[PDB]
Amino acid sequence: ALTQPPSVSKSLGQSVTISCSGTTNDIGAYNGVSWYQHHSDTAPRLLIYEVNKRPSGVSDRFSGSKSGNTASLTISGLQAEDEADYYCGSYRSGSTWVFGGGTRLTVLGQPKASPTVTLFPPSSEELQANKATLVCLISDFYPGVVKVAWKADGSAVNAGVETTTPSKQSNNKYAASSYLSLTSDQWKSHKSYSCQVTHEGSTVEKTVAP
Amino acid sequence: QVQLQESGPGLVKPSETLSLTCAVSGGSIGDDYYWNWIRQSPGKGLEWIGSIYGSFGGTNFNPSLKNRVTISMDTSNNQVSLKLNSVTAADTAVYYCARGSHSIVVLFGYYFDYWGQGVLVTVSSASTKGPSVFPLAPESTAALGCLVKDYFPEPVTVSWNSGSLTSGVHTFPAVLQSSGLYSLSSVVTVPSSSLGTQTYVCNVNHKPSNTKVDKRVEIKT
Amino acid sequence: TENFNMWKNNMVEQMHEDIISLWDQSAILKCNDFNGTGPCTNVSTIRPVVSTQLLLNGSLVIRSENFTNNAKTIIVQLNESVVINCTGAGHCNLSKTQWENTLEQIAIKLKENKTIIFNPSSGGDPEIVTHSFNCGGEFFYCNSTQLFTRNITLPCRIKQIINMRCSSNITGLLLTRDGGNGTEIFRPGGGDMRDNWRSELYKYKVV
């Protein structure tokens, strides 16, 4: 394949340059280098085609160049919407087509945002199956690191907890879920479960009750 | 200018044949474009599988898949197809369908300007399991939801009121339990004043197990 | 004594670059004998035709950076040309006899003691599966099936340059070997334009 650094970090406002190193049979044989942005839960978006051309509308901040068997993509005035994976690719002799390995771009300086937390109690319908799942949904926070703590009537809750790993939403913030799996009997065995989400020092708690 | 939608089995057993289809709307596959299949496995990067050219049906393949890939085009129905033979778990990936545009290929190649959304395909011996669907209910604004519990494999579709409700819909990524089963939750944030007036229904779709469920979500007695 | 090398000719890649550049419309040691060897005994001191399968209007023998290597392209040069007429009405007449004699002459030069067969391009790219070429604004895509399996007629597709009648001498060819059996199968090649242009710059160097 074609080689790119796996990851680069820059900051808001700066410029970044991502190199794609190819061979004499792809990048050196054609002006056929294309670049692709890829956000999570989105399809790859075309950025640059034929070394340096743009579709409307990908901004003026994006530009591609070529030098021998090596192509480059440069991004100026980094905005938060640019935190993405970036791929270079090219037509290759013998009628094949080849992608680079990908570069994961990190953008520092993104403004912090506090998590919205929403806690749901078990449904009567689930309880009738002798089970009880408490659902703690956590959304719109940045950076994407959170700590979830469950309490039952005040006491720490160790078992029955499964928390997802944070993922990016379409608005460039993060989201995660925590699920406390219980039996019908445990749910009634207490009289107030709570979810404690802690994100950059400060802490939000929601509380449900049988 | 053109829309593409992939579809096919969500689950395939090892050594069996993976089969997918792209339905192209807004243009005709008999035109002067390449129709490509591309994929991405969890953790890995993009990978071109191959292409068929609309004008005459000629194909190109990734040299390391050549021995077990075919691609076809259906000029009525306006569809392109991928058949990948003798799969393994390394064939688990999101599969994309993309249009290839070009000026003069011999100088400038071609490039992928329109893509579908991709369809996940999972290669495994695990059986399928459809989910159970449960309602989530308890400011000036209220949060209602559906809990989609214990299914395999991913993904599940959740819409609200047949797709007629969009603003405020948030479907969270699935959690994986040590049982190997997935669960997720979809939340929609409605005007608090609209309750008792508007009706809210989640539409849950789990294609690999042919599970279609509508759940009414009310604030109960 | 110092060596030529048409397969690592930096001249080729410089002229490649600038023809590509132009297509956004939208000292030197000469050698006489050759084949791009090391030593060149006799020492002195360009049509940017974009085409595939065939070479048109060039210097008027087979050359390969590595023949054992089926992936390597074979540049073919003819001792006698073959006139090919192409019309905007959409086809190409070609002398059947004149063309058939050519293939078999190339076929004895390939035996360097076994069966030689020519077959159509394996599939995939339209500008390669066909004998394609530009010709004063228009761009022809002609099915060369009859060519690579008293006139022969070739159907042609024609596009003017909207992206962003002419006669010709056939100088030479570009060929690909199926290298996987007591038979050597040859199919029409092309794609890397640099081959078109080292087909001509084989007998030059820079020092």
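Details
Letters A, B and C mark the chains as written, and numbering starts fresh at 1 in each.
Note that contacts are C-beta pairs under 8 Å (C-beta built on N, C-alpha and C of every residue); 3 or more make two chains touch, one makes a residue touch a chain.
Nearest to the overall CA centre, using the mean of each chain's CA atoms, is chain B.
Set side by side, the interfaces A-B and A-C show unequal numbers of C-beta pairs in contact, with more at A-B.
Taking each chain's centre as the mean of its C-alpha atoms, subunit B lies 45 Å from subunit C.
Chain geometry summary: the mean Cα position of subunit A and that of subunit B are 18 Å apart. Work out the mean CA point of subunit A and of subunit C, and you get 50 Å between them. Along subunit C, residues 20, 124-125, 128, 191, 193 each make contact with two or more other chains. Residue positions of subunit A touching 2 or more other chains: 31, 94-95. Those residues of subunit B in touch with two or more other chains are numbered 51, 60, 103, 105-107. Within the complex, the subunit C residues that touch subunit A are 13, 20, 71, 124-125, 128, 191-194. Residues 20, 23, 26, 50, 52, 123-129, 139, 163-164, 190-191, 193 of subunit C touch subunit B in their complex.
Across the interface of their complex, subunit B is touched by residues 30-34, 36, 38, 43-44, 46, 49-50, 55, 85, 87, 89-91, 94-102, 118, 120-121, 123-126, 129, 133, 135, 137, 139, 162-164, 167, 169, 175-177, 179, 181 of subunit A.
Listed in rising order, the residues of subunit B touching subunit C in the complex are 32, 51, 53, 55-56, 58-60, 103-107.
Those residues of subunit A that touch subunit C in the shared complex are 25, 28-29, 31, 93-95.
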